[PDB]
Amino acid sequence: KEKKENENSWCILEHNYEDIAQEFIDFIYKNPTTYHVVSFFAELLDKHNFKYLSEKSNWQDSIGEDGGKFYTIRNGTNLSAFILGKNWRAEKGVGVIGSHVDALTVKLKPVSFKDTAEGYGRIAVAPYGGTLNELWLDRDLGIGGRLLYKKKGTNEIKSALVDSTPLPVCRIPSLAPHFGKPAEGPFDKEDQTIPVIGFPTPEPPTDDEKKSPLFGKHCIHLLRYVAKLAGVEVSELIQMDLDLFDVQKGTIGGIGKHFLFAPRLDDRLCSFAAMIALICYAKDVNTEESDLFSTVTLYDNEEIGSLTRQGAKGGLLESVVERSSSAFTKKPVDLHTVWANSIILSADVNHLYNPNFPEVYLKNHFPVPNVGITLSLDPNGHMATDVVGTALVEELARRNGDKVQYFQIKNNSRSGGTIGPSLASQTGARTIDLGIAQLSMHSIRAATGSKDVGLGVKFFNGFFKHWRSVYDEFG
Amino acid sequence: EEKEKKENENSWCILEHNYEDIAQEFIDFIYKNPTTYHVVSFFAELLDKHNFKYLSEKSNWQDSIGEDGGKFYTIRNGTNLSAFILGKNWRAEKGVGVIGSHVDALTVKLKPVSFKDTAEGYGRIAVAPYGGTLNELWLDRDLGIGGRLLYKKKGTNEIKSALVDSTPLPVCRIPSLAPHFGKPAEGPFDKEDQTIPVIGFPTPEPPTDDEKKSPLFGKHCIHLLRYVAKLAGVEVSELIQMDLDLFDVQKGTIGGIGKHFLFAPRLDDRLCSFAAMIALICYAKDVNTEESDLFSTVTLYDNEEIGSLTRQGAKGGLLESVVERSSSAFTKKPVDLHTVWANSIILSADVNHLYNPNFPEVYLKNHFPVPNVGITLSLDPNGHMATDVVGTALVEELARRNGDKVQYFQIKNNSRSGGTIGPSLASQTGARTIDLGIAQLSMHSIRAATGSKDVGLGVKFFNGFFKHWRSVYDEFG
Amino acid sequence: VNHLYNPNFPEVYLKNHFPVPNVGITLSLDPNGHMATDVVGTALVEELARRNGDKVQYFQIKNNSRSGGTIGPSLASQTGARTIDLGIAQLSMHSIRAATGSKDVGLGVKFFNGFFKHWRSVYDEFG
Ligand SMILES: C[As](C)(=O)[O-]
Ligand SMILES: C[As](C)(=O)[O-]
Ligand SMILES: C[As](C)(=O)[O-]
Ligand SMILES: C[As](C)(=O)[O-]
Ligand SMILES: C[As](C)(=O)[O-]
Ligand SMILES: [Zn+2]
Ligand SMILES: [Zn+2]
Ligand SMILES: [Zn+2]
Ligand SMILES: [Zn+2]
């Protein structure tokens, strides 16, 4: 009864879109940084019997003839989960959803220390992508991310995740418009959009605290705070990679509750939907009987162009498929044949029609809320989508009872790029760019349809179930 | 029971050095009372609980105030409130101790006709800015709806009003354009065509014959009228008119790594209004009006953000009216109001500007305040503030006596100043008027900041003002 | 090579994130992908330096400035391996005649020699 109720809410089997929307909101709120997001999905995969495999060891002794359910992680921010059926062969190919788990944020600088300014404590930070604009002003900002530490009297460097939520430790204060021209944006990202962390009154550093490699690089108040959050000493902190982020919890909104308002939708929205879809699909997959290879791979650094080891161009997908297939058959695998028979969904959020800016949306080529997944189409290589991929997705949706929408830019407009073209050329596999549409992409707080999380999960679940069968129609 | 009563006084009136509780009450106050109508209603109910008697403006007060004086208040337009305490031994020569503040805040109003046609299925509402809103700070914020409905129950000729509030439901949002689209996504944005709140995306009941009998049918979307009617507990047909705000529903919070800050919407000037009213109530607890020789008031105005020239603003004269009517009813003999006002002190209590360390070039050295220190005097030699040398000296003397700290704000010579009600009240009364307030960051933002101790420190200062202004002003004679 | 502080152009250098002459190797840090350096790489080099007796400096651009890109991101992407962008800092990069510290060549050799001797042992502490 409880297991049947959980399957209905998570996998939208009983037509319940409210619960999955709430779980997405909870997920975003409880996992503010990329590190937290990858850790969330790792814990989720563990609970559904996926086995963690380390990149640093050869997989031949871990994967055998029976295949199974597995995942791996690179850099703590790039994760690939996969299901390998016992009866898989090269000609079956791979069914891939590729998304990104990085989101626009603000990073503490390597030295965050700033002199007090008339008593005000501030921290030196840097934008990750196009942040530190007017939308980041006057927002409640928490602090969180990865601390590296070394326990006193040991040599090993370990990792801890920290999160100030619900405490907003800082805020970037707008200047009152009373002052005139100085209060008009845009504002200088180095000199003007600086987080204000406190205003301390009249303990100084102890001799132990000074033994920290981070002493002098960050304010002692800050060091003590993150040390307390992680349950370690200040002296033990060696380094850190911390974000500032909006601590305003997401919510269902609109007068008819048609919307979901939440931070960091790009692209944790599709990443969540694809991952939940994989878990739902995996519940009814017996890997002893399956002839398929399925994966969701989640990348870092897409917002800065994907050219890092943990981004799409770093090749985790390709490595996973090569290592899995070599261990699985213990014999030479034709990876060119594998990728020639594969489909990659490059699942990245696209743009909902904004009725206040009709002039930038292409007629007949914009999505609306609460309908279904949106294909991203572009004739100049910004998206990897082609005629066969469009037809495949439309065929798949007709079979599974999903609706499909279009996005394409106006000829006089401008397009962003996704990981899709990178994945397509790296593998040689047909790649389809699509995703869950949203308003206000790259704002500190964005919006999508309240049913779109659930509709997304339904479509991706349908993909894993039927992509192979549908693609065989084209052969 | 008795210990809880002592602990309650200690929290609200900061008698045990407890600044955290009063900071939370302020946050709760802002969150639960999003519109000017709610704020005045909150204070009206607070005043009732501490034995202030409501007096209608519409009737003469000669029968309601007698020789013993007492604790009273009145309301104009539901948005302009004056509470006062009149002593049995008050005379014209004692004057009046006034704190004047404003309860209006920058907001977004629904237009008289909010109805917009659906735009590719999107529901939107037609709105207008109240003061300098509908800018980039208003984009991508969770907006609730609330304010005053006017209604007429079926089978009656009584027009009555109800306050409504969607909180916690954000019914709409003003969506920014993604920067991917380029130049169209760069601000500033047109306040009529571009910053329009998106309220829904409905899917496929039509209006009934009874709903069509509403005066507001056709003026607002049927979904909206249904919603506000359900909140008010009335029928759509009964709705006569409405005056509704859009506002940030994000609840305020204590913040900063050492909890030195308070982040909240609509601080200008509900921050000083709250602190002054609580100070009045705290002071009032230990005042026997049968023995007191004082006349004390907090008067809260509307429309200060639009220049105060309305009947419910400072230029409408509620203060002057209250003092004239009360004193006439009190003595039942000729009161010389010119002597009254010549012996009075008016604190024009309005928030001023905390030093912002990221814009040092706009703050005057030695003339800016910092958080968690105390009240800030607003000084200006060109008439933007009413503060003069004697008023500065009075406040500094008051503070030294009561153990408060005082800060300064004045603009740089190459900068520009806001204007408060202070000059208006000074001119209208002829009384010495002192502009001061609790300083804040990001005034006119949708979400501002002040110090976490500053609510309590304001209450403390204003309480000392009521206790000691008369004695201190007597030093200057 | 990365950029030594030029005292005639203070306005383009980020406080606490510039190197000076004759101290040691300089880490190139950038949160927008111009360099491959990450938090673990930073900690590795600092650990390695502490063990070998080398000094480490930082370079990162101001938020309102501009960055060059190195081969680092390419090598990290092509291999999948953790990559650390660093170098010996110089003045007047891309001039026909540039400048560095007179000790910096030797200090560079000493640091790189320490890397080959000890990188495996130090990186094992992160495992
Ligand atoms: C004119 As400015 C740099 O204060 O936005
Ligand atoms: C670089 As993108 C398509 O995630 O805005
Ligand atoms: C460039 As515009 C008028 O869309 O802010
Ligand atoms: C017009 As004002 C002094 O309340 O910003
Ligand atoms: C392209 As370069 C970092 O060698 O100046
Ligand atoms: Zn993006
Ligand atoms: Zn994206
Ligand atoms: Zn104002
Ligand atoms: Zn004001």
Side-chain angles (χ1 to χ4, degrees), chain A residues 34 98-105 127-131 176-178 263-274 298-306 311-312 346-351 374 376 382-383 407 415-420 422 433-444 446 448, chain B residues 36 100-106 130-132 178-181 185 266-273 276 300-308 313-314 348-353 376 378 384-385 409 417-424 435-440 442-445 448 450, chain C residues 32:
Chain A
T34 311
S99 297
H100 73 87
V101 287
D102 66 309
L104 263 58
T105 188
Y128 177 80
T131 58
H178 297 75
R264 309 179 288 279
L265 295 189
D266 189 355
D267 179 37
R268 288 157 196 186
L269 184 48
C270 292
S271 293
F272 181 87
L298 308 173
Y299 298 101
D300 199 354
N301 301 147
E302 184 275 352
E303 298 285 12
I304 58 167
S306 295
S346 172
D348 197 359
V349 292
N350 40 39
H351 307 277
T374 303
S376 303
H382 299 99
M383 306 292 162
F407 181 81
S415 177
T418 64
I419 69 182
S422 286
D433 272 287
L434 49 70
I436 302 165
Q438 57 160 104
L439 293 168
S440 307
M441 198 177 298
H442 290 192
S443 176
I444 205 179
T448 189
Chain B
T36 309
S101 297
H102 74 94
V103 284
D104 68 307
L106 262 60
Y130 177 79
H180 298 73
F181 294 98
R266 309 178 292 275
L267 296 186
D268 183 1
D269 182 34
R270 287 161 193 180
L271 179 51
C272 290
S273 298
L300 306 176
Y301 299 102
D302 193 4
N303 302 145
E304 185 274 355
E305 295 290 8
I306 61 164
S308 298
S348 173
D350 194 2
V351 294
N352 38 33
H353 303 282
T376 301
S378 300
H384 295 104
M385 305 293 155
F409 178 82
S417 178
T420 65
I421 68 182
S424 289
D435 273 284
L436 49 69
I438 299 164
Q440 56 161 106
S442 308
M443 196 183 300
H444 291 196
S445 179
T450 187
Chain C
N32 289 286

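Ligands are counted one by one from 1 in listed order, and the atoms in each one are counted from 1 as well. Proteins come first, then strands; the chains are lettered A, B, ... in the order of their sequence lines, and each starts at number 1. What's counted below: heavy atoms across the whole structure, side chains too, no hydrogens, waters or symmetry copies.
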- Could you confirm whether B/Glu304 has any N/O/S atom lying under 2.8 Å from the Zn ion (ligand 9)? no
Discussion item. Taking 2.8 Å as the cut-off, does A/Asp267 contribute an N, O or S atom near the Zn ion (ligand 7), distance below it?
Written reply: no
If you measure only the distance, is there a donor-acceptor pair under 3.5 Å linking the side chains of B/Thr36 and B/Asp104? no
In this structure, the Zn ion (ligand 7) sits at the vertex of an angle between OD1 of A/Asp348 and NE2 of A/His100 that rounds to 10° as 90°
| task | Using the six-membered ring wherever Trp is involved, compare the ring planes of A/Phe407 and A/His351 and label them parallel, tilted or perpendicular (cut-offs 30° and 60°). | result | tilted
min-distance N/O/S atom, A/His442 vs the Zn ion (ligand 6), resolves to NE2
min-distance N/O/S atom, A/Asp266 vs the Zn ion (ligand 6), resolves to OD2
Check whether any side-chain N or O of A/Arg268 sits under 3.5 Å from a backbone N or O of A/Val101 as a donor-acceptor pair, and report yes or no.
yes
* Taking B/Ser348 for the side chain and B/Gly422 for the main chain, is one N or O donor matched with an acceptor at less than 3.5 Å? -> yes
Has A/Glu303 got an N, O or S atom lying less than 2.8 Å from the Zn ion (ligand 6)?
yes
Rounded to the nearest 0.5 Å, the SG atom of A/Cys270 sits from the NE2 atom of A/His100 at a distance of 8.5 Å
